[PDB]
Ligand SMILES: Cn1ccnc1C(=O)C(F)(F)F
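In structure tokens, the next block holds one chain alone, the form deposited without the named molecule.
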């Protein structure tokens, strides 16, 4: 039975290594697929810098900071927000990165998060 939050260590991928550059074709589908890949352990994270988003596919799924007061165990509390054509679905804090499927790419680091399973 699903707790409200789950501790995960997400592999951080470089954008040019990512083979599957998004989760789907609609805001509702990308949030659904992101959540399922997170449960299956097949989700990576790309940190956002200049040049990154134009190399990925919309709609985007971002993990954003949900609580600026405590970060339990070094796991920052986060929630999902999708973006399509400049419009965001959800409101949250600072972006930690953009989520993508992970299909065996070698990561450069891991990001510890406490994910709100909304």
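Positions refer to the first chain, counted from 1.
Another form exists, solved in complex with the named molecule; not displayed. Remarks below refer to it.
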{"item": "65, 96 and 112 all contacting the named molecule in the entry with it bound, non-hydrogen atom within 4.5 Å", "value": "no"}
{"item": "4.5 Å heavy atom contact, residue 48 to the named molecule in the entry with it bound", "value": "no"}
{"item": "The named molecule contact in the entry with it bound: residue 38, any heavy atom under 4.5 Å", "value": "yes"}
{"item": "Heavy atom contacts to the named molecule in the entry with it bound at 4.5 Å, residues of 6-20 in sequence order", "value": "6"}
